[PDB]
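[1] Below you'll find the sequence and an experimental structure to go with it.
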Amino acid sequence: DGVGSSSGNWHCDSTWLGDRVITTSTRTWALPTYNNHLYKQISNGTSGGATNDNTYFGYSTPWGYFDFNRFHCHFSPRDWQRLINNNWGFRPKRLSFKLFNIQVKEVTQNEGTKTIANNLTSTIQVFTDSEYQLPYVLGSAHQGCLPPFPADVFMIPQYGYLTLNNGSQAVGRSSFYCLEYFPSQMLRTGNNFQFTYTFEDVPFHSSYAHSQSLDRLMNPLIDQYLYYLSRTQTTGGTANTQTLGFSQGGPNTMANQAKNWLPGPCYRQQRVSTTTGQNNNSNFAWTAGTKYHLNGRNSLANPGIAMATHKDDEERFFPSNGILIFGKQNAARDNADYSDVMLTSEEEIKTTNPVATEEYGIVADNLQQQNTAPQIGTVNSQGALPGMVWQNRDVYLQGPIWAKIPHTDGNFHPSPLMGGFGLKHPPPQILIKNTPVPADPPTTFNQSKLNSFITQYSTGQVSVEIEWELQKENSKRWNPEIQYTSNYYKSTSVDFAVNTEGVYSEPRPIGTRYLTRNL
Amino acid sequence: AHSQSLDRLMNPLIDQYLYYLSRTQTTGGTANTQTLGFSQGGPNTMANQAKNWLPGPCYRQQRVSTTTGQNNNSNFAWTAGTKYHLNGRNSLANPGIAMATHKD
Amino acid sequence: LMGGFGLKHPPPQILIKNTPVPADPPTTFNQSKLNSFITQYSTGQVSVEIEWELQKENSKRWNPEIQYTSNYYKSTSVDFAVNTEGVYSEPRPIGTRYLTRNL
């Protein structure tokens, strides 16, 4: 461990081993000093235009953190293609993390002439929240993960967290956490850090689409032996009175046939078209948004439970806040135009899950009688019902991987709604910070805490290796399957490559469901 | 007791990389027509941010105050009571599923 | 065709690069990739050793063969040497076919 010796090598690669695939990626990072080495109470109340739905109380810390919860941090576009075109499923098994070739630099500023030099004796601090004692901030789709392109140098995100609040105030139960109250490893240039983690057992992600629908699982050539009420009134001429007629479901009455299952749960969303002219002329994104109510404040159920984005021949429609939306390279942060973002589609699950913008079904609303016509009610919100089967939201090359399952007495189908793997004990948070280096202190004692520090930042490389277990496809389907493919004809540039400017970009979102499977 | 709420599990300092429909109509002047605008959830729009979970189940109950003067002047304990229907007879869902007694 | 040995698995390409060293980053997080780096270059030595197998001549030719030779008479400078300026230069192309062999 010396000043003149590399403390790690560049490991970036992928290797396929039949039923496993191991991804390894390394990136160069930079870490500034955050908050001037201070912890600060942050808050947002109801004053000004601030609405109650956005209030909060918490703290910003001097620490940064590593995040690689994004599939493109591990899979290259080509690897993702290898994965999705040939496997019915996959999931994480274990990972390795390493920090090395650390460099702490100090920057001097005098007469606009700025100079940067090495501070060979400075240290950075690193530690993992192995016992999950800090607010788990990963799994909220935040920016700051390792870049998709290996050659890109990235800046490390600052760590902050929230606790209970009443307006802009804290309450008795509000918690304050100090990260320096954890043991942490201190490294100088020449030292390195690393750890291993094993994923808990979790279901394989379904990287397939059903080639059968719930309502079409019968034999199209045979009648049922079961009968259904088919007639309530006589038909001949005008002397029409009540009667009772029963028939057997068959090939031409599949909608009436007795079945064993029901489509998945439903919470509805308002429909919007990509052809603006077909939309109501008003600003309803929030007012007509599908939300949930929690302790006085409202939140968008975004993207909410998994539902088919649209039905047959309606690709132009989507749930106002029921799909994942990624921006194109350089899309604005606010009010970006439709042509600057990329909408995903969960159309593959029309097969078992209700369409996001329609009713779940119809139920009786009264008791019909000789003098009262039967009335029906539309169900727009439907919770778990015995017999339901459903699919979860798909995952994307540039989407999240896992999320921590909240520590609660109960939960139902703990699959993260944004997509991914729900884990009770997810990869630990890796916090990093530059140790404060005091500038010269006063020459006579003073009780006050020092607030004059040498300006500095650090840089180094980081490696993450993950082993994924694959579930091979076993189909007896005779005809070719749908596959993700690169465009065939000429183009100005190559998709998933760099600019003439050197800017890498991801042209479209790439899902995971190409191969098919029966129900 | 939890010292964090479901709707406040994110990092209050970073934006999401995920977008949400933020505008359905133009704003400038009076020539207001339909459009499509998208934004990234952030520290000041936590209510719009994409999240992974949902609050627990709900069966509702009528609210009553310990300050009698704020209550409707009628005897509604049973008539306005939250109940379940089982084979022709009704029972109070008492206390029923677990829900917070009141808000802030 | 330009001459030489055709190999299915030739000496591998040896790629080298200076690792980017970021200059001080902004003090508040920003998603953009860093584009401000400390200016630098590297230097060092490189060694290459190659073992060549020779095929000796076995001629029964009685008379002397043609040979590559240095010029005999005086000259302003030495061929395949340096200038008065210190510039090395290769005066002519030197082939490989001097000894002879029957068909």
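    Nice, thanks for sending it over. Residues are numbered from 1 along each chain as shown, chains lettered A, B, ... in the order given.
[2] Regarding the closest residue to residue A:105 other than its chain neighbours, what is its secondary structure?
    Closest residue in space to residue A:105, ignoring its immediate chain neighbours: residue A:116 at 5.4 Å, by C-beta to C-beta, 6 or more residues apart in numbering or on different chains. Placement of C-beta: from N, CA and C, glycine included. Three-state call for residue A:116 (DSSP: H, G, I helix; E, B strand; the rest coil): strand.
[3] residue with max distance from the center of chain A?
    When distances are taken from the C-alpha mean of chain A, residue A:239 lies farthest, 62.4 Å away, according to C-alpha atoms, centre = their mean.
[4] which SSE is it in?
    If you go by DSSP states H and E, residue A:239 is not part of any helix or strand.
[5] ok so, going back, let me see the contact set for the residue nearest to residue A:105.
    Residues counted as contacts of residue A:116 (C-beta atoms under 8 Å, 6 or more residues apart in numbering or on different chains) are A:105-108, C:23-24, C:38.
[6] and whichever residue of chain A sits closest to chain C, bridged to which residues?
    Nearest residue of chain A to chain C: residue A:30, at 4.0 Å (C-beta to the nearest C-beta). Beta-bridge partners for residue A:30, by DSSP bridges, are residue A:155, residue A:459.
[7] Determine how far stretch A:204-214 lies from the middle of the whole chain.
    20 Å (C-alpha atoms, centre = their mean, to the nearest Å).
[8] What sits closest to residue A:196 if chain neighbours are left out?
    Per C-beta to C-beta, 6+ apart, closest to residue A:196 is residue A:96, 5.6 Å.
[9] and if you look at residue A:302?
    Spatial nearest neighbour of residue A:302, chain neighbours left out: residue A:321 (4.2 Å); criterion: C-beta to C-beta, 6+ apart.
[10] Direction included, what does whichever strand in chain A runs longest pair up with?
    In chain A, taking DSSP state E as the definition, the longest strand is strand A:87-110. Strand pairing for strand A:87-110, determined by DSSP bridges: strand A:113-118 (antiparallel), strand A:193-198 (antiparallel), strand A:205-206 (antiparallel), strand A:456-472 (antiparallel).
[11] my read: residue A:1 touches residue A:8, true?
    No: using C-beta atoms under 8 Å, residue A:1 makes no contact with residue A:8, being 11.3 Å away.
[12] overlap in contacts of those two?
    residue A:192.
[13] neighbour count winner among these two?
    Between residue A:1 and residue A:8, residue A:8 has the larger neighbour count (other C-beta atoms under 10 Å in any protein chain shown), namely 18 against 10.
[14] For the residue nearest to that one when sequence neighbours are not counted, give me its contacts.
    Once flanking residues are discounted, residue A:8 sits nearest to residue A:100: 2.9 Å by C-beta to C-beta, 6+ apart. Counting by C-beta under 8 Å, 6+ apart, residue A:100 touches A:6-8, A:192-193, A:460-461, A:463.
[15] Now, of those, which are buried?
    A:7-8, A:192-193, A:460-461, A:463 (16 or more other C-beta atoms under 10 Å in any protein chain shown).
[16] Name the member of the residues you listed with the shortest distance to chain B.
    Nearest to chain B among the buried ones among the contacts of residue A:100, with distances taken as C-beta to the nearest C-beta, is residue A:460, at 21.3 Å.
[17] Isn't residue A:363 up against residue A:374?
    No: the pair residue A:363 and residue A:374 fails to qualify as a contact (C-beta under 8 Å) at a distance of 11.4 Å.
[18] So residue A:83: helix, strand or coil?
    helix.
[19] what residues are up against it?
    Counting by C-beta under 8 Å, 6+ apart, the residues that residue A:83 touches are A:21, A:75, A:90, A:207, A:470, A:512.
[20] count of neighbours near the last one?
    Per other C-beta under 10 Å, the neighbour tally for residue A:512 reads 25.
[21] ditto for residue A:279
    18.
[22] thinking again about what came up before, does the residue nearest to residue A:302 really touch residue A:289, like I thought?
    Yes: with contact defined as C-beta under 8 Å, residue A:321 reaches residue A:289; the gap is 5.5 Å.
[23] so residue A:243 touches residue A:230, yeah?
    No: counting by C-beta under 8 Å, residue A:243 stays clear of residue A:230, with 10.7 Å between them.
[24] more neighbours, these two?
    When residue A:243 and residue A:230 are compared for neighbours, residue A:230 comes out ahead with 13 against 10, by other C-beta under 10 Å.
[25] Now the more buried one: closest residue in space that isn't a chain neighbour?
    residue A:247 (4.0 Å).
[26] Looks to me like the one you found is in a strand.
    Yes: assessed with three-state DSSP, residue A:247 lies in a strand.
[27] circling back: how much space separates the residue nearest to residue A:8 from chain B?
    25 Å (C-beta to the nearest C-beta, to the nearest Å).
[28] now residue A:76
    19 Å.
[29] Let me see the backbone angles for that residue.
    Phi and psi for residue A:76, reported as degrees, to the nearest 10, are phi -80, psi 170.
[30] Report the secondary structure state of the residue nearest to it when sequence neighbours are not counted.
    For residue A:76, ignoring the flanking residues on the chain, the nearest one in space by C-beta to C-beta, 6+ apart is residue A:14 at 6.9 Å. Here residue A:14 is recorded as strand under three-state DSSP.
[31] For residue A:14, list each beta-bridge partner.
    With DSSP bridges as the rule, residue A:14 is bridged to residue A:23.
[32] Enumerate every residue touching it.
    Contact analysis of residue A:14 by C-beta under 8 Å, 6+ apart lists A:21-24, A:75-76, A:79.
[33] got the residues you listed as JSON lines, with neighbour count columns?
    Formatted as JSON lines, these follow (neighbours: other C-beta atoms under 10 Å in any protein chain shown):
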{"residue": "A:21", "neighbour count": "21"}
{"residue": "A:22", "neighbour count": "18"}
{"residue": "A:23", "neighbour count": "21"}
{"residue": "A:24", "neighbour count": "17"}
{"residue": "A:75", "neighbour count": "22"}
{"residue": "A:76", "neighbour count": "19"}
{"residue": "A:79", "neighbour count": "17"}
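[34] Would you point out the most distant pair within those?
    A:22 and A:76 (13.3 Å; C-beta to C-beta).
[35] Would you mind listing what in the stretch 101-250 of chain A touches chain B?
    Residues of the stretch 101-250 of chain A lying close to chain B (C-beta under 8 Å from any C-beta of the partner chain) are A:135-137, A:139-144, A:157-166, A:173-175.
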